[PDB]
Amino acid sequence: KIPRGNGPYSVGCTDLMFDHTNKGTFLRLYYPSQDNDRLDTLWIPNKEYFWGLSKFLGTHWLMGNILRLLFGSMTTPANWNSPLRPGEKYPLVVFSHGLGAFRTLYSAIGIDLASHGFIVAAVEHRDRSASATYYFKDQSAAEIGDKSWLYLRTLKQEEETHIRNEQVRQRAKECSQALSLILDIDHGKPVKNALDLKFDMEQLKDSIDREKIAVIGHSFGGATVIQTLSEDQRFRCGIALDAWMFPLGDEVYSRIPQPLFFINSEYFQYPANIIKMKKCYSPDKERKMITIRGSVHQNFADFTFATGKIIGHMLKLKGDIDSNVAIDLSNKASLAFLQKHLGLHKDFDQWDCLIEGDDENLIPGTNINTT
């Protein structure tokens, strides 16, 4: 089980694709919902995601079919296509997934944010960093639902620097484009979803607190946080969850005016990576860093909830820390940081001490020694 959110709001979920092409926006939306009696949301909704995941794990695409047999009916606790909870403007989070991931794999995070009164737009990237993604070749294809699938690209060592950077720059553009789509839907623009889903986008009219915008992301998505902030001042702060800093160009480091929070795992980080995070620091800028004790890179994504403790530890899906314990720390510290830098009038300042790494299961800053 992926945990239910800790906040007071029921959670709805839907998907949005606009336009239908490979240059359009594809996102999974988590939102405060009016109703709580809908079907739960299918976690990995298409066989081709399992094929993609199998390719990313270095197994045969038929191991994909075994993963599909085991996980293909798994849900996540969000009311599928539930009506939006009316009568309130909600702050917006744009969320960026890691390498080998896709839009649906960070629901523990998206559901928790939505339960505290956020709308969350978890983008699916078309940069070939997703395990799989899909789109439609043209209008005819979209209509009949003839999907074109795009699978993860494996790089030669010589391609690494250049292609990771083209990818992080495409990802930032995709974050900005997803922001503009939501803001236009808030500002009442008719949008025909390329997906035929029983969720009317007209509900999102006048629903966004249009200045309370953040960008959050894990791993490759954590670098996407930083690139997005440097290029799009509409994002007011960012939270990088175990950021993988390698994709970033030398230029970006001095170019991030917004508050930025690094939440790291204990076991993923390494000097080269930490050195890059410290390059984002400047005396005029707001920066925070915490490390979750006993945690691994996978503690921020949903696979940490998908198996039991023994298999979980073996597959490096789980750390020494309890997965619910770890995500609560990262989600609660994130809420307090967002309240502070978005100027929210909620009770998220009850977790201010977590921003400073003041908890038995937090390390202030980093455990990693650099020079």
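Basically, rigid core = biggest C-alpha set you can superpose within 1.5 Å across the two forms. Don't overthink the numbering: it's just position in the shown sequence, from 1.
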Root mean square C-alpha distance from this form after a core fit in 9 other deposited structures of this protein: higher for 184 to 192 or for 138 to 146? 138 to 146
RMS CA shift, core-fitted in 9 other deposited structures of this protein, bigger for 325 to 333 or for 39 to 47: 39 to 47
Going by the average Cα B-factor in the PDB entry, point out whether 322 to 330 or 59 to 67 comes out higher. 59 to 67
Averaged over C-alpha atoms, is the B-factor higher for 47 to 55 or for 313 to 321 in this PDB entry? 313 to 321
Highest Cα B-factor in the deposition, which of 174, 266, 232, 251? 251
If you check the C-alpha B-factor for each of 134, 281, 106, 90 in the entry, which is highest? 281
Residue 36, C-alpha B-factor rank within chain (lowest, middle or highest third): highest
Once the chain's modelled residues are ordered by C-alpha B factor and cut into thirds, is residue 15 in the lowest, middle or highest one? lowest
For residue 124, the third of its chain by CA B-factor is the lowest
Ordered by C-alpha B-factor within the chain, which third holds residue 145? Give me lowest, middle or highest, please. highest
Just say lowest, middle or highest third for the CA B-factor of residue 304 relative to the other modelled residues in its chain. lowest
